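What follows is one chain in structure tokens, specifically the form deposited without the named molecule.
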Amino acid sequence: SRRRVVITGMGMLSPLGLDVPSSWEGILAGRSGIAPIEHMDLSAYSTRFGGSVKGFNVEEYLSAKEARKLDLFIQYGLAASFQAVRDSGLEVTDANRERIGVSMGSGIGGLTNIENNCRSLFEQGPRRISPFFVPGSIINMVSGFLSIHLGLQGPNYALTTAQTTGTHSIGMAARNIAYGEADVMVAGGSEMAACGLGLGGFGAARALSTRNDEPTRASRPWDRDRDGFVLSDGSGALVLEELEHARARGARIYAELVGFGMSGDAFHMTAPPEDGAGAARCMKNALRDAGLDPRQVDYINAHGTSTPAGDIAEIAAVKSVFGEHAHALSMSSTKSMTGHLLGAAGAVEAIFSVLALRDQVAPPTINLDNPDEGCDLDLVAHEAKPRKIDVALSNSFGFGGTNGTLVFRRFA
């Protein structure tokens, strides 16, 4: 048998704000965080907009000297991680430090640091490569730097499962706690891919919306005029905690993480199967894991990337798993507002799934002006919908056909 896992701390950088409550405010108001990218010549690029983190002050978290050593994606992860730990009220001690671990991931990692260090390599030669290039860029340095700053001696690792990173990180952090390997984990993901390599790289695959004239309308999941995902930066971190540990210190419990599902499509490198067979298996795995019937699910935070084939696979998958319950659950894409934070998408959308539970409100899918063929589910078009939510799912579907599902329940 198995220990129960609750959420006692949440932290976030998003295109909607510098913390969870500002972000959540934007979500329920249907605000877009998408805009032309600044301080950067995108003249030769077919996409010139995305979700940037606006006004981020790393010196709230690190000295200028330590921040200079770390890629933006690491700064973002640390910000969310430090917010999440502070939000939890947890005190690290000699008595508990070996029971507190970290799993903060990234899908794409340190492109900004790779670009600057390439610029030096090609222009001047290898002698201008930063000494901090490697430890300042490697994906596991959010877990590493967090563990060093706070003295965490529990499981220390990082997932990289592309657009599924955040979902997987949180789920496998929850298994560490459930199976007694840890009492507390900081888990989630961070990403800064709004640079030339990210816009360029995704641009070259024609994966990105090129709607440069109306950036706020670019991300339009399940809408017949969608033309690919919007690329976005940020981080999400949760403090996961064994229930008895949380109750003993009198922790505030936002929700219970009751279920985690993983699956592989074994289909295509970037395209999901049309019927979403992988996403269906993954969601069924998560519900079986939670001991729940599909009928008990009230809210789904969709992957909902605004890609032609991705959005319609998730409709198929939901209809397949949920049968005659499929129209009764509400399902929304907060990527309609935030765009796609890649590896951090699962982390911030777990937070939105938890806050949907706390506030009894389904976040909207904005821009859903003209649902596409078969997109006839309750996709919460345009406006937030207050409703009953006991159980919320969060899905992520990534490149290589890697799937993640998290199941959260109201706690009382």
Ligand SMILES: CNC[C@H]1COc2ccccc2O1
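Note that residue numbering begins at 1 and tracks the sequence as displayed. Heads up, when I say rigid core I mean the largest set of C-alphas that superpose within 1.5 Å between the two forms.
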- Comparing 193-201 to 262-270 by root mean square Cα deviation from the shown form in 9 other deposited structures of this protein, core aligned, the larger deviation is found at 193-201
- Note on the structure: When the rigid core is fixed in 9 other deposited structures of this protein, C-alphas move more for 24-32 or 38-46; answer is 38-46
- Stretch exceeding the other in mean C-alpha B-factor - 271-279, 83-91: 271-279
- Message: Quick check on the record: does 158-166 or 122-130 carry the larger mean Cα temperature factor?
- Response: 122-130
- Return the residue from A309, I100, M141, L257 that has the highest Cα B-factor in the entry. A309
- Message: Among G171, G339, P294, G105, where is the Cα B factor highest in this entry?
- Response: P294
- Within this chain, which third does the Cα B-factor at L393 fall in: lowest, middle or highest? highest
- Among modelled residues of the same chain, the CA temperature factor third for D183: lowest
- C-alpha B factor of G374, ranked within the chain: lowest, middle or highest third? highest
- Query: Thinking about Cα B factors across the chain, which third does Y45 belong to?
  - Reply: highest
- Message: Per the entry's values, where does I37 land by CA temperature factor relative to the rest of its chain, in the lowest, middle or highest third?
- Response: highest
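Absent from the display: the form solved in complex with the named molecule. The rest refers to it.
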- Heavy atom within 4.5 Å of the named molecule in the bound PDB entry: which of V85, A255, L72, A326 fits that? Just give me the one. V85
- State yes or no: in the bound PDB entry, is some non-hydrogen atom of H245 no more than 4.5 angstroms from a non-hydrogen atom of the named molecule? no
- Query: For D376, is any heavy atom within 4.5 Å of the named molecule in the bound PDB entry, or not?
  - Reply: no
- Query: Is there a heavy atom of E60 no more than 4.5 Å from a heavy atom of the named molecule in the bound PDB entry?
  - Reply: yes
- Message: Would you classify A251 as touching the named molecule in the bound PDB entry, given a 4.5 Å non-hydrogen atom cut-off?
- Response: no
- At a 4.5 angstroms cut-off on non-hydrogen atoms, which residues of 125-163 are near the named molecule in the bound PDB entry? List them in order. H149, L150
